[PDB]
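> quick one: initial chain(s) of a complex, as found there:
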Amino acid sequence: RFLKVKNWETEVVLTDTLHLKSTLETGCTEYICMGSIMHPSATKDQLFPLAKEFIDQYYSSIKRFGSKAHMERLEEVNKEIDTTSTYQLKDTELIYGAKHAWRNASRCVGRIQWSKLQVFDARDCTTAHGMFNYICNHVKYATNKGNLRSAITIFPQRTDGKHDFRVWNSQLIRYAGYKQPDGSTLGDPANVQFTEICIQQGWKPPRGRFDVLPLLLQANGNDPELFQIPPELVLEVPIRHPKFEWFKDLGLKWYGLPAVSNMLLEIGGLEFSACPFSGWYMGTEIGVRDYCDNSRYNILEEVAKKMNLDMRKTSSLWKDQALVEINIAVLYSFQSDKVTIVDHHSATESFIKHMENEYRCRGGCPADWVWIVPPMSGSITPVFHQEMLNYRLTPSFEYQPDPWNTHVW
């Protein structure tokens, strides 16, 4: 059936037809909704229909469905799955597939940009040194001296599952975290385990509060190897406040490049287990989650001190006041340093515009309200009031197991 989504602020109703194209499960049933669950629950035989479906939609998008090129491609893929139990994507198909995995990513508020994605083909890579080279070039290109550019680098697909390419870092650029003798934690507490895996592999930690982790790279199922990203490639921003001159003395910094490296890109039944991709930050990612999550850098109490706020009762909203100032600082700092960043008002506004675009030209836009609504000031952004439908379209970005749980050394 045709499903309707309403905006309760504008009373705009949109009609979703696109959902009729899904086949992958959401996790929900008619009786139980798993909308807030973060991670809900090949062979030649399985591979061809998937390949067939992807090839069909590719030639549908370039308006040549049933064409000779289309027919020959379908035949081509058949013989190759037949004789090798896999197949290789054409360049045009790789690029199409990567852009549409982004386009279909229901948890991403940045998708108005989806067709502007620089795709780096790294499928000829064979070694960790090779991966390091490709990743360094990605970082340099994407960073672009502050004028950030969306990019994805795609390493060889899975074959037998014993020769996977993996970036072991969850993101390309992150700060180390150290368990202190006295029980506390220096740096990013979320990364303590990974940091210690790096130390155990020979990494000499500076034991500072913002130490860029090394890359840990696995090529063709081999033991991973360590590499330091050259520092001039790692763009960082000191955080200061436009009114509070004491804010710089907190000693805060962050990296300019958000780059997810632990996901799996699926295209036409092929699995790309190493596909680091990057964009630019929304301010709240740093200001709210990275800095103020209790399990992260956790700086609210400190900032509240310097603001001289009364912190005895929660109903003074002292946390809320500190939160807003921290996020003002982050936006101000990046902007002052000419580093691309978007505030959550601008981003969610762009997303509503994007949704409208997709409903008109595509018949829908899969979207995960739980992830799209920002972690602060939710209802004064327009996505809070926007009904969204969530469903799974392929090509897609999927989660995969942590490498350190499925790798025989």
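Received, thanks. Numbering: from 1, shown residues only, chains lettered A, B, ... in the order given.
> Could you report the neighbour count for residue A:194?
Using other C-beta atoms under 10 Å, residue A:194 has 20 neighbouring residues. C-beta coordinates here come from the backbone N, C-alpha and C atoms, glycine included.
> From the contact counts, what lies against the helix or strand where it lies?
Element membership for residue A:194, per DSSP states H and E: helix A:192-199. In this structure, helix A:192-199 packs against strand A:177-179, strand A:215-218, with contacts taken as 3 or more C-beta pairs under 8 Å, 6 or more residues apart in numbering; DSSP states H and E.
> Now the shortest one: buried residues?
Of all the residues in strand A:177-179, those buried under the rule 16 or more other C-beta atoms under 10 Å are A:177-178.
> Note down every partner strand of that strand and its orientation.
Strand A:177-179 sits in its sheet next to strand A:185-187 (antiparallel), going by DSSP bridges.
> on that earlier part again, can you redo the helices and strands packed on helix A:192-199 as a markdown table with distance to residue A:230?
As requested, these are exported to a markdown table (distance: least, C-beta to C-beta, whole Å):
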| stretch | distance to residue A:230 |
| --- | --- |
| strand A:177-179 | 22 |
| strand A:215-218 | 11 |
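> picking that back up, residues touching the helix holding residue A:194, excluding its own?
A:168-170, A:174, A:176-179, A:185, A:187, A:205, A:213-214, A:216, A:226, A:404 (C-beta atoms under 8 Å, 6 or more residues apart in numbering).
> Go again with 6 Å.
Helix A:192-199 is contacted by residues A:176-177, A:179, A:205, A:214 when judged by C-beta atoms under 6 Å, 6 or more residues apart in numbering.
> Out of the helices and strands packed on helix A:192-199, flag the one nearest residue A:385.
Closest of these to residue A:385 is strand A:177-179, at 37.5 Å (criterion: C-beta to C-beta).
> so what's residue A:128 up against?
Counting by C-beta under 6 Å, 6+ apart, residue A:128 touches A:217, A:219, A:225.
> Residue A:316 versus the first one, what's the distance?
For residue A:217, the distance to residue A:316 under the criterion C-beta to C-beta, to the nearest Å works out to 48 Å.
> more crowded one of those two?
It is residue A:217, of residue A:217 and residue A:316, that has more neighbours when counted by other C-beta under 10 Å, with 26 against 13.
> Might one say that that one is in contact with residue A:129?
No: using C-beta atoms under 6 Å, residue A:217 makes no contact with residue A:129, being 8.5 Å away.
> the helices in the stretch 151-300 of chain A, which residues?
Along the stretch 151-300 of chain A, the stretches classed as helices by DSSP state H, counting those that start in this stretch are A:192-199, A:283-284, A:291-292, A:300-306.
> slot chain B in:
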Amino acid sequence: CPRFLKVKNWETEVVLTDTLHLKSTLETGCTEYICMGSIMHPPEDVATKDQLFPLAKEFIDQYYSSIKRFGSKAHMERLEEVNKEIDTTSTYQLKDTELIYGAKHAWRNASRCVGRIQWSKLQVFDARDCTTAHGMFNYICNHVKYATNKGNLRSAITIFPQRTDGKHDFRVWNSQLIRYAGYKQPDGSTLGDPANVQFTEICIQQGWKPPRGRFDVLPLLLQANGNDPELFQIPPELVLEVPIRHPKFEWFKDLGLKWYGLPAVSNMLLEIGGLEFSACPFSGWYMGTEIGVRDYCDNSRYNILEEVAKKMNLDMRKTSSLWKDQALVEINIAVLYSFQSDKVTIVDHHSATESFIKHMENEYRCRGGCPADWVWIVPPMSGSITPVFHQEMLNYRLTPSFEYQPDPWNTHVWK
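Chain B now in position relative to the chains above:
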């Protein structure tokens, strides 16, 4: 369906196990292929004899389980008596004990409510003997007075007679017992609460003389036994109101804001053992953000961010200055301060969400789960600095329950 479902808290790493979902009784709107978790709402006839039997037995079984008398002589007798009632009259009547149990559990089961730690402390007023709109008015006035308690709010529900053939419904036409009027002007501006223009126009048609002010309490529009609804003014002394001021900004009181103390939902349907109570107004107390963020700062509501931003002398040219967010916090500080100062019960969103987590954990432990709607439970400001943001939740529908129902002006057959 799997017998055990796990939910994780991503801040504390606490994992909880849900078995209660197995008792799910009707549908969420989601399917295997689409999730409607952010959809707000995903024939004038009634339940037949055959439909009512299993629904009644299900509820009676559950009641006698709760009082540790499952399988008792009293249990088997009640089943038999209920079965006879449905067989001869094609409906049945709940005992007072069962009515109270059912109401408390409809609240316990309400997946969109963050205040459920309080669910067993609910004063139930049995108004099933009511026959006229004047009588409904008396019952509602007593509810308001009891629940308000001079500012020491007490949660309460008043239950009017159940549905019979569908042509004799009791309805409160008001969506909430206490709301402010909205007035659309010829030039397109709105006075008062813009959300309430439609209902306000209905009241005016029915004979209400409008003060045409910014905070005019609407009259009750009460429908008894399927008759045309009738208008009543709640005695102003029963409507507790709080003027909004700010502990630091002396100019904040100059905005002339106030709000009412008692949040009371009156447009929902209470379903117990297959019986349908189409008029069941219930009330609790406010969480500050309901007023401070939604009523005051929604663009479609009172929309005061701009005016407050100006008085705060904020740079309002770039959104990236977060002037809106800064004003939002100050407005919500003002609301909590004004309620506390006047000793009217209110809870801040930090306290409420912390209590809810403790509640949820206790429910998983004693009941095997706690259905919760994340989209509704997480507050409309500062989401991730509240613990519920990081809590995975399962949403499913248990009965007894509160359900939505059509607006009565859309369905009513005028006499």
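> can you check the buried residues of strand A:177-179 again with chain B included?
Residues of strand A:177-179 classed as buried under the neighbour-count rule (16 or more other C-beta atoms under 10 Å in any protein chain shown) are A:177-178.
> residues making contact with that strand?
Strand A:177-179 is contacted from outside by A:186-189, A:191-192, A:195, A:207, using C-beta atoms under 6 Å, 6 or more residues apart in numbering or on different chains.
> Repeat that for stretch A:23-30.
Stretch A:23-30 is contacted from outside by A:34, A:40, A:392, B:27, B:30, B:32, B:35, using C-beta under 6 Å, 6+ apart.
> for the residue lying closest to residue A:364 once chain neighbours are set aside, phi and psi?
Among residues not flanking residue A:364 along the chain, residue A:18 sits closest, at 2.9 Å (C-beta to C-beta, 6 or more residues apart in numbering or on different chains). The phi/psi pair for residue A:18 (degrees, to the nearest 10) reads phi -70, psi -30.
> Count the neighbours of residue A:18 for me.
19 (other C-beta atoms under 10 Å in any protein chain shown).
> just checking, it touches residue A:365?
No: taking contacts as C-beta under 6 Å, residue A:18 lies outside contact range of residue A:365: 7.3 Å.
> Which one (most neighbours) among the contacts of strand A:177-179?
Most neighbours among the contacts of strand A:177-179, by other C-beta under 10 Å: residue A:195, with 25 neighbours.
> is chain B contacted by stretch A:233-247?
No: shown here: stretch A:233-247 not in contact with chain B (C-beta under 6 Å from any C-beta of the partner chain), separated by at least 8.4 Å.
> ok, and what's touching that stretch?
By C-beta under 6 Å, 6+ apart, the residues outside stretch A:233-247 that reach it are A:139-140, A:143, A:212, A:248, A:252-256, A:306, A:329-330, A:332-334, A:337, A:339.
> who's in contact with residue A:322?
Contacts for residue A:322 (C-beta under 6 Å, 6+ apart) come out as A:300, A:303-304.
> so which of the residues you listed is the most crowded?
In terms of neighbour count, residue A:303 stands highest of the contacts of residue A:322 at 25 neighbours, by other C-beta under 10 Å.
> Look up how far chain B lies from that residue.
Residue A:303 sits 12 Å away from chain B, going by C-beta to the nearest C-beta, to the nearest Å.
> The stretch 301-409 of chain A: helices as residue ranges?
With DSSP H, counting those that start in this stretch as the criterion, the stretch 301-409 of chain A has helices spanning A:318-336, A:344-362, A:369-372.
> Can the shortest one be said to contact chain B?
Yes: among the residues of helix A:369-372, residue A:369 lie within reach of chain B under C-beta under 6 Å from any C-beta.
> And that helix, how far out from the chain middle?
From the chain centre to the centre of helix A:369-372 is a distance of 14 Å (C-alpha atoms, centre = their mean, to the nearest Å).
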